[PDB]
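Following: one structure in structure tokens, then a few remarks.
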Amino acid sequence: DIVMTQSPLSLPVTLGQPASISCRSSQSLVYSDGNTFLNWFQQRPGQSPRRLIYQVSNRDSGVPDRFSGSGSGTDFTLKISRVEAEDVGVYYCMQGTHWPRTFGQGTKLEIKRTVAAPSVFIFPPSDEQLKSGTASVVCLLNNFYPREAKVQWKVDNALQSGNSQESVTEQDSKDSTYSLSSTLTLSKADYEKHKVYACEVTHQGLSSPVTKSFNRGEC
Amino acid sequence: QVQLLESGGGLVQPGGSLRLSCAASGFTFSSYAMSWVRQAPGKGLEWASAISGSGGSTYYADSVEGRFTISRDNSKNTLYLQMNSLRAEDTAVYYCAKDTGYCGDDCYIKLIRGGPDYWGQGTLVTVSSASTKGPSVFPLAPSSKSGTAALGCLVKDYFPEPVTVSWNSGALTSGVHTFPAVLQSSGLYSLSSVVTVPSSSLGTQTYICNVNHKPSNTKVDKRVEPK
Amino acid sequence: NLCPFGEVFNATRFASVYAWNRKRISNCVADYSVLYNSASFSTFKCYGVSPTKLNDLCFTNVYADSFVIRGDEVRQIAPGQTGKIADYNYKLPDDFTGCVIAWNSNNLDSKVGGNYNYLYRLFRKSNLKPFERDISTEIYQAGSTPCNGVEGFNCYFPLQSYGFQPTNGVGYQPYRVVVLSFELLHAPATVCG
Ligand SMILES: *[C@@H]1O[C@H](CO)[C@@H](O)[C@H](O)[C@H]1NC(C)=O
């Protein structure tokens with residue numbers, strides 16, 4: 001089987017500057033008819049892959065002119081003229097000349113933009129969830145960059161650790177920012193045994209840590 | 001326009017069987033070769049199977065050969081992938097793809113070369129030993145604060161993936177952030193879908209999150225009101 | 001009536017070279033004026049018969065063989081030729097009597113992404129005898145290990161696809177070929193000019 005290696009596996013790039021992706025084939029991709037069946041795919045999160053380029057250099061319909069393809073034999077390169085916000089995602093090169101059709105490892109094209117401070121929101125557990133016996137306190141970090149950020153949960157000024165899980169959305173195609181959701185999970189008794197619940201956010205775009213807090217049973 | 005709609009995904013125990021369907025439209029179905037491609041969670045693409053346009057020639061990957069059988073009904077314009085003797089490694093999102101090449105009556109699969117024209121939306125199949133469980137949807141309600149306020153929904157304790165969350169039946173798209181699911185210690189998934197909206201819209205505009213969990217055939221609409 | 005040359009030449013689909021079609025022409029008058037005086041033919045080569053004198057002759061039967069190959073293989077449709085088409089797909093006898101007609105069909109038999117309906121036999125143990133039609137799909141054994149009908153190392157599928165693309169060079173573009181064989185037997189003649 002023809003194995004293909006992509007370089008790099010992760011490709012950080014700033015907005016407006018070119019980006020390059022290299023795909024190398026273990027076997028020559030040229031065919032008897034002088035045709036080279038190498039394709040380039042772009043996959044956005046949660047979406048089906050779309051073919052950017054077919055046969056090394058020919059772009060598919062609907063593909064912007066920023067994308068260009070080059071190479072021959074075993075070595076190929078995908079060029080982005082000026083990376084836009086929508087270009088974020090994973091890019092794959094595929095071998096079509098010989099069965100089985102093989103894929104590269106895939107390169108993660110992430111973009112870096114102006115530093116943006118997160119908008120911090122806190123959500124007390126709903127009464128319905130309390131009726132179920134559990135309590136989930138949610139802290140939201142909306143539309144920030146860079147991705148490096150720290151969230152600390154404090155219950156009556158006691159720092160909690162190990163009962164919280166955080167998740168980060170993929171880089172937004174609209175504004176190149178990230179969002180973070182941290183959830184503190186407690187039992188019904190533990191939630192009703194305390195009063196003050198606070199979320200402390202540390203980020204580069206914040207001159208000082210930002211704390212959003214609420215008191216149980218107060219609105 | 002060419003459209004490929006996929007169906008048949010869900011949860012199945014190891015060793016079980018299920019059949020996936022790919023309804024294609026917008027082109028001469030019998031004229032093009034069709035394929036099934038799989039993508040494991042956090043993995044790259046991997047071709048799984050393919051048929052010629054007429055349906056006489058079939059190809060399977062080494063991972064799936066003998067286990068899966070691929071078929072096609074040209075009259076129905078539907079592509080089928082019957083998966084038997086399923087194992088944990090088969091858990092992946094399955095796509096059906098139409099090739100740009102011209103195949104069919106007097107063509108052979110494994111003799112073609114090219115690329116996929118179009119891809120379906122993709123359907124997820126999970127192979128594991130666990131029962132399906134419907135999600136619990138809880139409101140995240142905005143508070144008296146600040147020009148921009150945030151609200152959302154907590155979709156907790158569901159299995160297996162995926163769940164789809166929309167806001168106001170698709171009328172609310174700007175500012176919506178549905179976070180990737182996290183696997184809890186209980187073996188169930190939990191995610192939150194939030195939206196940032198102007199504070200002036202709280203009191204005039206009603207916000208409802210629509211949560212759909214296909215593996216349990218459950219659909220929950222939850223209205224979020226500032227308490 | 002009039003011999004149906006239009007059915008063979010102006011046909012929407014042609015056959016693969018390994019499965020070349022044959023039409024039997026008998027009990028009709030064949031006017032070749034349209035054929036040899038048409039400028040839509042890239043190749044019109046006759047052997048043992050002059051094209052102009054064709055209308056002044058009579059033959060027992062005529063065989064119109066039709067298939068599709070690439071441009072570089074058109075020359076293999078000739079007596080005494082060698083090559084993959086001549087050896088494994090379509091062989092003309094050394095004493096061939098008739099005409100070979102070929103014209104470019106890139107507009108008809110080619111599509112972006114490759115047309116894989118047209119196939120040719122790539123492997124065969126022995127050469128084809130003249131006017132032999134081999135449509136076997138048995139796995140070719142290139143080694144000493146029996147294949148037993150499963151592909152693998154030294155066990156290859158005998159057929160390959162042309163994969164015609166309009167961007168291909170003229171040497172790899174599809175050409176439709178019609179071979180007119182005029183057979184002469186000790187029997188009453190049913191085809192005349
Ligand atoms: C094929 O092309 C056209 C049909 O419209 C006609 O002018 C031509 O004579 C045809 N050739 C035949 C009948 O041999």
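We name chains A, B, ... following the order of the structure tokens; residues begin at 1 in each chain, and ligands are numbered from 1 as shown.
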Once you count only C-alpha atoms, which residues of chain A turn out to be within 10 Å of chain C? Could you give them as a short mmCIF file (atom, residue, chain, number, x, y, z; two decimals) with C-alpha atoms, in the first residue's frame?
```
data_model
loop_
_atom_site.label_atom_id
_atom_site.label_comp_id
_atom_site.auth_asym_id
_atom_site.auth_seq_id
_atom_site.Cartn_x
_atom_site.Cartn_y
_atom_site.Cartn_z
CA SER A 32 0.72 5.36 -17.70
CA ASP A 33 -1.31 8.18 -19.27
CA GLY A 34 0.92 10.81 -17.65
CA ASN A 35 -1.82 11.60 -15.13
CA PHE A 37 -4.15 11.40 -9.19
CA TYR A 54 -7.74 17.34 -7.96
CA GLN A 55 -4.85 15.99 -10.04
#
```
- Message: Hey, which residues sit close to ligand 1? Say within 7 Å, counting only C-alpha atoms and all ligand atoms, and write them as a PyMOL selection string.
- Response: chain C and resi 5-6+9-10+34-35
Convert the current residue selection to file output with N, CA, C and O atoms, as an mmCIF file, in the first residue's frame.
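Contents of result_19.cif, as written:
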```cif
data_model
loop_
_atom_site.group_PDB
_atom_site.id
_atom_site.type_symbol
_atom_site.label_atom_id
_atom_site.label_comp_id
_atom_site.auth_asym_id
_atom_site.auth_seq_id
_atom_site.Cartn_x
_atom_site.Cartn_y
_atom_site.Cartn_z
ATOM 1 N N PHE C 5 -24.628 1.193 -42.450
ATOM 2 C CA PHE C 5 -23.354 1.687 -41.936
ATOM 3 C C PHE C 5 -23.557 2.781 -40.898
ATOM 4 O O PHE C 5 -22.699 2.973 -40.028
ATOM 5 N N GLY C 6 -24.679 3.502 -40.966
ATOM 6 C CA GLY C 6 -24.957 4.526 -39.974
ATOM 7 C C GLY C 6 -25.140 3.970 -38.577
ATOM 8 O O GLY C 6 -24.786 4.624 -37.593
ATOM 9 N N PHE C 9 -21.267 3.375 -37.428
ATOM 10 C CA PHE C 9 -20.440 4.565 -37.251
ATOM 11 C C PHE C 9 -21.083 5.544 -36.276
ATOM 12 O O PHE C 9 -20.481 5.915 -35.262
ATOM 13 N N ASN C 10 -22.306 5.982 -36.570
ATOM 14 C CA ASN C 10 -23.004 6.943 -35.713
ATOM 15 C C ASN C 10 -23.806 6.225 -34.626
ATOM 16 O O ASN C 10 -25.030 6.307 -34.547
ATOM 17 N N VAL C 34 -20.088 7.904 -49.061
ATOM 18 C CA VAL C 34 -20.157 8.727 -47.858
ATOM 19 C C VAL C 34 -18.929 8.516 -46.981
ATOM 20 O O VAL C 34 -18.442 9.456 -46.342
ATOM 21 N N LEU C 35 -18.391 7.294 -46.952
ATOM 22 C CA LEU C 35 -17.310 6.977 -46.025
ATOM 23 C C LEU C 35 -15.978 7.575 -46.471
ATOM 24 O O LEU C 35 -15.387 8.394 -45.761
#
```
- Using the chain letters and numbers from this document, which residues of segment 120-177 of chain A does DSSP assign to strand (DSSP E), as a VMD selection string? chain A and resid 120 to 123 134 to 144 149 to 155 158 to 160 164 to 168
- Task: Would you give me, as a ChimeraX atom specification, the residues of chain B that come within 8 Å of chain A, using only C-alpha atoms?
- Result: /B:44-47,61,95,110,113-122,138-143,150,177-182,192,227
Preceding selection exported with N, CA, C and O atoms as a compact mmCIF listing (two decimals), in the first residue's frame:
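Dumped to part08.txt:
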```
# COMPACT_ATOMS: atom_id res chain seq x y z
N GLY B 44 -7.86 10.26 11.01
CA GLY B 44 -8.00 10.65 9.62
C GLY B 44 -8.99 9.78 8.87
O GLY B 44 -9.54 8.81 9.38
N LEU B 45 -9.20 10.15 7.61
CA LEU B 45 -10.10 9.38 6.76
C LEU B 45 -9.51 8.02 6.44
O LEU B 45 -8.30 7.80 6.50
N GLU B 46 -10.39 7.08 6.10
CA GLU B 46 -9.98 5.74 5.72
C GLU B 46 -11.05 5.15 4.81
O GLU B 46 -12.19 4.96 5.24
N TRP B 47 -10.68 4.88 3.56
CA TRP B 47 -11.63 4.27 2.64
C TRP B 47 -12.04 2.90 3.14
O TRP B 47 -11.22 2.12 3.64
N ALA B 61 -11.94 -2.69 1.94
CA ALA B 61 -10.65 -2.56 2.59
C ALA B 61 -10.33 -3.84 3.37
O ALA B 61 -11.21 -4.64 3.69
N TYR B 95 -19.14 8.11 5.85
CA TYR B 95 -19.55 8.98 4.76
C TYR B 95 -19.74 8.16 3.49
O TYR B 95 -19.01 7.20 3.26
N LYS B 110 -11.79 -1.12 -8.67
CA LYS B 110 -10.39 -1.51 -8.50
C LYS B 110 -9.58 -1.23 -9.76
O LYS B 110 -8.35 -1.31 -9.75
N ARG B 113 -9.58 5.27 -10.95
CA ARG B 113 -8.65 6.12 -10.23
C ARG B 113 -9.12 7.56 -10.38
O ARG B 113 -9.54 7.97 -11.46
N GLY B 114 -9.09 8.30 -9.28
CA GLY B 114 -9.55 9.67 -9.32
C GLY B 114 -9.80 10.25 -7.95
O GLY B 114 -8.94 10.17 -7.07
N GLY B 115 -10.98 10.83 -7.76
CA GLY B 115 -11.34 11.43 -6.50
C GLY B 115 -12.83 11.54 -6.30
O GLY B 115 -13.62 11.42 -7.24
N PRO B 116 -13.25 11.77 -5.06
CA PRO B 116 -14.68 11.91 -4.77
C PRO B 116 -15.20 13.27 -5.21
O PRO B 116 -14.65 14.31 -4.84
N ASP B 117 -16.26 13.25 -6.01
CA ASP B 117 -16.95 14.48 -6.38
C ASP B 117 -17.58 15.14 -5.15
O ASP B 117 -17.22 16.26 -4.77
N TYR B 118 -18.53 14.44 -4.52
CA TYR B 118 -19.31 14.98 -3.42
C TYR B 118 -19.38 13.97 -2.28
O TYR B 118 -19.22 12.76 -2.49
N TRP B 119 -19.64 14.48 -1.08
CA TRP B 119 -19.71 13.67 0.13
C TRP B 119 -21.04 13.90 0.83
O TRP B 119 -21.60 15.00 0.79
N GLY B 120 -21.54 12.86 1.48
CA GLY B 120 -22.73 12.99 2.29
C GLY B 120 -22.44 13.70 3.61
O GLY B 120 -21.31 14.01 3.94
N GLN B 121 -23.52 13.95 4.36
CA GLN B 121 -23.36 14.65 5.64
C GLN B 121 -22.61 13.80 6.66
O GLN B 121 -21.97 14.34 7.56
N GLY B 122 -22.69 12.48 6.53
CA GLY B 122 -22.00 11.59 7.45
C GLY B 122 -22.88 11.14 8.59
O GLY B 122 -23.57 11.95 9.21
N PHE B 138 -30.99 20.96 30.69
CA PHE B 138 -31.23 21.92 31.75
C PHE B 138 -30.95 23.33 31.24
O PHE B 138 -30.04 23.53 30.42
N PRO B 139 -31.69 24.32 31.71
CA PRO B 139 -31.48 25.69 31.22
C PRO B 139 -30.33 26.36 31.94
O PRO B 139 -30.10 26.16 33.14
N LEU B 140 -29.59 27.16 31.19
CA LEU B 140 -28.56 28.04 31.72
C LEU B 140 -29.12 29.45 31.58
O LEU B 140 -29.19 29.98 30.46
N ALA B 141 -29.49 30.06 32.70
CA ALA B 141 -30.31 31.23 32.44
C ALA B 141 -29.52 32.51 32.68
O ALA B 141 -28.71 32.58 33.61
N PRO B 142 -29.78 33.53 31.86
CA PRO B 142 -29.05 34.79 32.01
C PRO B 142 -29.42 35.51 33.30
O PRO B 142 -30.54 35.38 33.81
N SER B 143 -28.47 36.26 33.82
CA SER B 143 -28.62 37.00 35.06
C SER B 143 -28.65 38.50 34.76
O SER B 143 -28.30 38.95 33.67
N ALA B 150 -25.34 36.23 28.24
CA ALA B 150 -25.19 34.88 27.73
C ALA B 150 -26.19 33.93 28.38
O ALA B 150 -26.47 34.03 29.58
N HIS B 177 -22.47 28.83 20.42
CA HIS B 177 -21.29 27.99 20.60
C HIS B 177 -21.70 26.71 21.31
O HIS B 177 -21.98 26.74 22.51
N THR B 178 -21.71 25.60 20.58
CA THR B 178 -21.99 24.30 21.16
C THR B 178 -20.66 23.61 21.43
O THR B 178 -19.90 23.33 20.50
N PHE B 179 -20.38 23.34 22.69
CA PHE B 179 -19.08 22.84 23.06
C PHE B 179 -18.97 21.34 22.79
O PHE B 179 -19.97 20.62 22.80
N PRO B 180 -17.76 20.85 22.50
CA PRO B 180 -17.57 19.41 22.32
C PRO B 180 -17.91 18.66 23.60
O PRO B 180 -17.68 19.13 24.71
N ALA B 181 -18.47 17.46 23.43
CA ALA B 181 -18.87 16.66 24.57
C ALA B 181 -17.66 16.18 25.35
O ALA B 181 -16.57 15.98 24.80
N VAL B 182 -17.85 16.01 26.65
CA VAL B 182 -16.84 15.46 27.54
C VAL B 182 -17.39 14.17 28.13
O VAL B 182 -18.57 14.09 28.46
N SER B 192 -22.58 21.49 26.63
CA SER B 192 -23.36 22.70 26.82
C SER B 192 -23.34 23.49 25.53
O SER B 192 -22.31 23.58 24.86
N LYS B 227 -34.16 34.04 35.23
CA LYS B 227 -34.77 33.86 36.55
C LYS B 227 -34.26 34.91 37.54
O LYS B 227 -35.05 35.52 38.27
```
Please determine the contact residues of chain C with respect to chain B at a cut-off of 6 Å, counting only C-alpha atoms, and supply them as a PDB file with N, CA and C atoms, in the first residue's frame.
```
ATOM      1  N   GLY C 113     -12.327  13.680 -14.877  1.00  0.00           N
ATOM      2  CA  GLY C 113     -12.239  12.665 -13.855  1.00  0.00           C
ATOM      3  C   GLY C 113     -11.993  11.269 -14.380  1.00  0.00           C
ATOM      4  N   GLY C 114     -12.081  11.068 -15.692  1.00  0.00           N
ATOM      5  CA  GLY C 114     -11.781   9.783 -16.291  1.00  0.00           C
ATOM      6  C   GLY C 114     -12.992   8.938 -16.627  1.00  0.00           C
ATOM      7  N   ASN C 115     -13.070   8.478 -17.873  1.00  0.00           N
ATOM      8  CA  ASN C 115     -14.082   7.514 -18.286  1.00  0.00           C
ATOM      9  C   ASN C 115     -13.483   6.117 -18.188  1.00  0.00           C
ATOM     10  N   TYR C 116     -14.032   5.298 -17.294  1.00  0.00           N
ATOM     11  CA  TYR C 116     -13.484   3.981 -17.006  1.00  0.00           C
ATOM     12  C   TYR C 116     -14.366   2.864 -17.540  1.00  0.00           C
ATOM     13  N   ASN C 117     -15.249   3.180 -18.485  1.00  0.00           N
ATOM     14  CA  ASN C 117     -16.066   2.155 -19.118  1.00  0.00           C
ATOM     15  C   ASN C 117     -15.295   1.401 -20.191  1.00  0.00           C
ATOM     16  N   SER C 161      -8.323  -0.253 -17.316  1.00  0.00           N
ATOM     17  CA  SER C 161      -9.172   0.815 -17.818  1.00  0.00           C
ATOM     18  C   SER C 161      -8.336   1.917 -18.451  1.00  0.00           C
TER      19      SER C 161
END
```
- Message: List as a PyMOL selection string the protein and nucleic acid residues near residue 20 of chain B, meaning an atom at most 8 Å away when only C-alpha atoms are counted, but skip any in the same chain fewer than 6 places from it.
- Response: chain B and resi 6-9+80-82
- Message: Would you pick out the contacts of residue 156 of chain B at 12 Å or less, using only C-alpha atoms, so that residues sharing its chain but fewer than 4 positions from it are not included, and give the list as a PyMOL selection string?
- Response: (chain A and resi 129+132+134-136+183+185) or (chain B and resi 133-139+160-161+163+181-184+186-193+211+213)
- Query: So how far away is atom CA of residue 162 of chain B from atom CA of residue 225 of chain B, in Å?
  - Reply: 26.0 Å
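The nearest approach to residue 31 of chain C among the residues C:100, C:155, C:178, C:2, with only C-alpha atoms taken into account, belongs to C:2.
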- Got a sec: who's within 7 Å of segment 40-57 of chain C, counting only C-alpha atoms, leaving out chain neighbours fewer than 2 positions off, as a ChimeraX atom specification? /C:31-32,36,38,59,96-104,192-193
Excluding segment 87-89 of chain C and residues on its chain fewer than 5 positions from it, collect all residues at most 7 Å away from it, counting only C-alpha atoms, and give them as a short mmCIF file (atom, residue, chain, number, x, y, z; two decimals) with N, CA and C atoms, in the first residue's frame.
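That gives us result_8.cif:
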```
data_model
loop_
_atom_site.label_atom_id
_atom_site.label_comp_id
_atom_site.auth_asym_id
_atom_site.auth_seq_id
_atom_site.Cartn_x
_atom_site.Cartn_y
_atom_site.Cartn_z
N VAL C 17 -12.13 -2.57 -26.50
CA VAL C 17 -11.35 -3.29 -27.50
C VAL C 17 -11.29 -4.78 -27.18
N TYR C 18 -11.24 -5.15 -25.90
CA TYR C 18 -11.23 -6.57 -25.56
C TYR C 18 -12.58 -7.23 -25.83
N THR C 82 2.37 -5.59 -33.94
CA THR C 82 2.56 -6.11 -32.59
C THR C 82 2.21 -5.02 -31.59
N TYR C 120 -9.15 -2.56 -21.79
CA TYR C 120 -8.30 -3.32 -22.69
C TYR C 120 -7.64 -4.44 -21.91
N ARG C 121 -7.37 -5.55 -22.60
CA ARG C 121 -6.69 -6.68 -21.98
C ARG C 121 -5.20 -6.39 -21.92
N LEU C 122 -4.63 -6.43 -20.72
CA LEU C 122 -3.22 -6.12 -20.51
C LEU C 122 -2.35 -7.37 -20.40
N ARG C 124 -2.02 -11.69 -21.00
CA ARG C 124 -2.52 -12.90 -21.62
C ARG C 124 -1.34 -13.83 -21.88
N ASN C 127 -0.68 -14.87 -27.64
CA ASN C 127 -1.25 -13.85 -28.51
C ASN C 127 -2.59 -14.32 -29.07
N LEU C 128 -3.41 -13.35 -29.47
CA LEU C 128 -4.68 -13.66 -30.09
C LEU C 128 -4.48 -14.03 -31.55
#
```
- Could you pull out the helix (DSSP H, G or I) residues of segment 32-218 of chain A from DSSP and send them as a list in words?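 Those residues are residues 85, 86, 87, 127, 128, 129, 130, 131, 132, 188, 189, 190, 191 and 192 of chain A.
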